[PDB]
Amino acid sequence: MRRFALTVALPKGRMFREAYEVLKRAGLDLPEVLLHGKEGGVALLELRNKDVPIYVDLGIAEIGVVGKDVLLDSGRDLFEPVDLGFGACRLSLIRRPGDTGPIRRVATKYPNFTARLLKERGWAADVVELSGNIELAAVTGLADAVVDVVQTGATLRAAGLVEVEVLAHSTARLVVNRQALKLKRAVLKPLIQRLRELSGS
């Protein structure tokens, strides 16, 4: 945003605090906390993890913190200079263990990632997008399998499902608008370097 020196898009939820605190440790005078900030200062946007890429890609926010799972499903071109380490989880192919029939339909909230994965494997299967509680699509028979994010597996186990295969690993990532990187290099270059020193698995 033109009214702020820098506008930061953060994901509300489990990864918010670690994202906020590491950016602060990296030298960003973030404001106290959905839009926070004073004219000419550093601003903060409390967004849904899934919306972060859009604000950064469009340049509204020069940088943002977003889960790799979301980036893997984003049809946008984002620069991902730092793996922040926290927010660990994974995208997996999940099915009812008793259901070993051919996979003709897959339910997911990651339609792009799923379609890409199916094509890479030369498979043709319908992809049905759902908003939440993806495991129910498998339990009810809506789909033969689902592609969803897993942490401990408590939810899928409680629903009587199993992870047939781990497809991708995810953690919080720092994304930066490429145009902003060039025009605000003096601030963003050192920030990126510092965040790397402050990040591990």
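Heads up: residue numbers just count along the shown sequence, starting at 1.
Student: Does the deposited sequence hold unmodelled residues between residue 60 and residue 61, and if so, how many: none, 1 to 3, 4 to 9, or 10 or more?
Tutor: The entry has no gap there; residue 60 and residue 61 are joined directly.
Student: Identify the stretch, either 21-29 or 7-15, whose C-alpha atoms have the larger mean B-factor according to the entry.
Tutor: Looking at the record's C-alpha B-factors, the answer is 21-29.
Student: Could you check which stretch, 51-59 or 150-158, carries the larger mean CA temperature factor in the entry?
Tutor: It is 150-158.
Student: Which one of 72, 84, 91, 118 shows the biggest C-alpha B-factor in the PDB entry?
Tutor: Max CA B-factor in the entry, restricted to 72, 84, 91, 118: 118.
Student: Among the choices 172, 34, 139, 145, identify the one whose CA B-factor in the record is greatest.
Tutor: 34 has the highest C-alpha B-factor of those listed.
Student: Splitting the chain's C-alpha B-factors into thirds, which one does residue 177 fall into?
Tutor: According to the entry, residue 177 has a C-alpha B-factor in the chain's lowest third.
Student: Among the modelled residues of its chain, does the C-alpha B-factor of residue 188 lie in the lowest, middle or highest third?
Tutor: Answer is lowest: the recorded C-alpha B-factor places it there.
Student: Please place residue 80 in the lowest, middle or highest third of its chain according to the CA B-factor in the PDB entry.
Tutor: Lowest third.
Student: When the modelled residues of the chain are sorted by Cα temperature factor, does residue 100 land in the lowest, middle or highest third?
Tutor: Highest third, going by the recorded CA B-factors of the chain.
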